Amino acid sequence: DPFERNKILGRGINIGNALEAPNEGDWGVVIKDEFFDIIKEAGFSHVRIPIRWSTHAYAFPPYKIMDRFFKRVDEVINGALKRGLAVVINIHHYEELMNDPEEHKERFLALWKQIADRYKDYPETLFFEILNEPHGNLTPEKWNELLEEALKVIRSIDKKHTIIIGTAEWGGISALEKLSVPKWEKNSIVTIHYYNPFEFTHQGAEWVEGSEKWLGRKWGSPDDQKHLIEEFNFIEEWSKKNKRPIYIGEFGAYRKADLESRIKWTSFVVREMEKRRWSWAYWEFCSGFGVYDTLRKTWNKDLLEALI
C-alpha cells in the first residue's frame, strides 16, 4: 500500500551537495555517519539521498556501476537504516539523458537494473526514485514512456519497494497534469519539488540565470499564503483524481533570502503539506539552503521548529 509507505516516509531531509556532485565533497558535503544520529534525534522519519550514478558507471555496455561507488552508496543506505530512518535514493543530475534521451535510454535502464538488483532484499523502508527532475529534451510525453520502461525493469526484479515518480519540466507543478503513471503499477508515490515563488526561494542563487534581480524579495503576506494554498489544492485534487500519494521531495529557500521570510515560508509550507497528509523532504541539511551547522553542531532552531 503506497499510501502506507507515504506515511512511513513522513517528514525528511535531503542530504544534498554530496553524492550528486561529480565527486562526494566537491560541493561541500560528505555524508558522515553521525549525520544519521543527528537527523533521527531531531525527529525526521527519513533522508533523501541524491546520487549521481551516471558519473560512476561506464559509458559502454553493459554500463557497469563502479565498485567503490556502489560500496559507498551501500554504506550510506545502511548508515541511515541503522537509525530507523527510511531512505529515498534516486538517479540525480543525469544531464546526458535529459539532452538525448534516445541515446541514453538503455544506459539509464541498465542503471536501474543494477540498482534494483543491489537493493531488492534491503528493507521495505528503502524507496526508489526513478529520476530527478526530468527536463529539456526529455519532454513530458517522452518521460511518460521512459518512466514506464523504468517501472518494467524495476518490477521485473523487485515487487517489494515503493517507487517514487517525478514530474517533467523540472519536477514542479507545471507538468503534473501531463504525468501518466500506468494503471498496472500499484505501489508508487508521485513526487513534486515545491519552490514557489521561485523568485523568492532562489533569489541570488549563483547557478540560476538572472536570480540577482530577485534579491530582497520577501514572503509572508496573506495574499502570498493564499496563492500557495491554491497551488497545493491543485496538487491535492490531482492526487485524489489519480489516486496516487504525494511526496514533496524538495522544498526550501536559499540562504540569501531574509531569514524571517525563510522561516515563515518554510513553516507555512510544512503546516499546509501536513494538513494534506503528504510526505516531504526539506532541501537541504547543511549547505546553501541548510538548517544545521556542521562546524558548531547546531541546528537553526527556528527553521528546525518550522520543519519539526
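The first residue of the sequence shown is number 1, and the count goes up from there.
>> If you take the mean CA temperature factor per stretch, which one wins between 11 to 19 and 286 to 294?
In response: Averaging CA B-factors over each stretch, the winner is 286 to 294.
> 108 to 116 versus 211 to 219: which one carries the higher mean Cα B factor per the record?
Replying inline: Comparing 211 to 219 with 108 to 116, the higher average CA B-factor belongs to 211 to 219.
> Out of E102, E148, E129, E133, which residue has the highest Cα temperature factor in the PDB record?
Replying inline: The listed residue with the largest C-alpha B-factor is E102.
> Per the entry, which of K226, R72, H161, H93 tops the list for Cα B factor?
Replying inline: Checking the PDB record, the top C-alpha B-factor among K226, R72, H161, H93 is at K226.
> Among the modelled residues of its chain, does the C-alpha B-factor of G171 lie in the lowest, middle or highest third?
Replying inline: Middle third of the chain for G171's C-alpha B-factor.
>> Going by the CA temperature factor in the PDB record, which third of the chain does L259 belong to: lowest, middle or highest?
In response: Its C-alpha B-factor belongs to the highest third of this chain's values.
> Which third of the chain holds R155 when residues are ordered by C-alpha B factor: lowest, middle or highest?
Replying inline: Ranked within chain, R155 CA B lands in the middle tercile.
> Looking at the C-alpha B-factor of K240, is it in the lowest, middle or highest third of its chain?
Replying inline: Highest third.
> Among the modelled residues of its chain, does the C-alpha B-factor of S180 lie in the lowest, middle or highest third?
Replying inline: For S180, the deposited C-alpha B-factor lands in the highest third.
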